[PDB]
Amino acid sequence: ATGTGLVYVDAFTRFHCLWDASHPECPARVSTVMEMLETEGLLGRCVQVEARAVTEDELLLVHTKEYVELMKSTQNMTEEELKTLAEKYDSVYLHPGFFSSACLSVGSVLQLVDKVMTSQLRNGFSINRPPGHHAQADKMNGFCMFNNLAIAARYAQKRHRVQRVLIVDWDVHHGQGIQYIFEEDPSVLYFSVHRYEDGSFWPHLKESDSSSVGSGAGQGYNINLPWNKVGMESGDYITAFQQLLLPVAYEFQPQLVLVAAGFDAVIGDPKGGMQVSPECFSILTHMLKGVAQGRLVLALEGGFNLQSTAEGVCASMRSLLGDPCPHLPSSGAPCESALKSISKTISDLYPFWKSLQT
């Protein structure tokens, strides 16, 4: 009942980019994570949880029938057909095994949701690829086919009858797919901190700015924290969690926390441009264990430096397992640019959250 679940299957390595041997979204991402968890002795301290394939009905909580059908058909396509389809999307490749792996990727999160919601485990982490947070109702995007966490959130609500789910997205990119899916939904609060640079950084969306707060019944339930300078450090992230995310999370009172656990903000990532120490993720994970009775499930999103991502996963896992948090060399003092972004997000969200008022 107190344990930490871990899901990993070899199927997560069984797809890769057929037309770019240097593609950064590659099978080594997950095998290096598993190898470091093993050598650090963390893997043996976790409860191994089996994966499962998502069902059509589960996919349809988020995705359209037509899109599911098209994705299913990719398993029978030629390489030329896969490339022609992949090129209709932004930042996507395809592979004959992609669909099968994507179904296990979603299902791995659902397995952990089952165990955590029924108190069989305290928390858990799926070491999954493909990632999910960019995937949309009817299209692939950003190396994602299905939106793992969006499905998991609606599954927790439908199956386990959870009323409120908090999704925390600390990947360096905006999870616009999650934002879109829950745009009008007050039962799922989406928080994303991401590099933005006034739209210069991918995916270059105006909707990634803090003015996008959700709409209709969902007004106030979408919170974007855009960084407009590179080089953010641990103290910038800790400060954002302390000033903005935690006060709102406690007011929202979620019954489950899902984390889009990308590690492309870690020092050394080839694209993220940030300078967050892997150890920072021990602290960020610890800061999220205080809501939802500690019912916390992390799922791997991005992170392209094999060592940096593995270290970030290990740091998060140490906190899931209850190990005392490391001391951070860096002082938790944020930079001026981070404070500017945090204050602006608070300004945009204050009408909706009593915890964000004076």
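Residue numbers run from 1 along the displayed sequence.
Comparing average C-alpha B factors as deposited, tell me which of 243-251 and 215-223 sits higher.
Higher of the two, by average CA B-factor, is 215-223.
- prompt: According to the deposited model, is the average Cα temperature factor higher in 309-317 or in 65-73?
  reply: Per the deposited B-factors, the answer is 65-73.
- Which of these, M34, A292, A53, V297, has its C-alpha atom at the highest B-factor, as the entry lists it? Highest CA B-factor of the listed options: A53.
Q) Among the modelled residues of its chain, does the C-alpha B-factor of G5 lie in the lowest, middle or highest third? A) Tercile = lowest for this residue's CA B-factor.
- Taking the chain's C-alpha temperature factors as the reference, tell me which third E184 falls into: lowest, middle or highest. Answer is highest: the recorded C-alpha B-factor places it there.
TODO: Determine, from the deposited record, the chain-internal third of the Cα B-factor for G272: lowest, middle or highest.
DONE: It belongs to the middle third of the chain when residues are ordered by C-alpha B-factor.
Chain thirds of CA B-factor: placement of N123 | For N123, the deposited C-alpha B-factor lands in the lowest third.
Comparing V30 with the other modelled residues of its chain, is its CA B-factor in the lowest, middle or highest third?
For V30, the deposited C-alpha B-factor lands in the lowest third.
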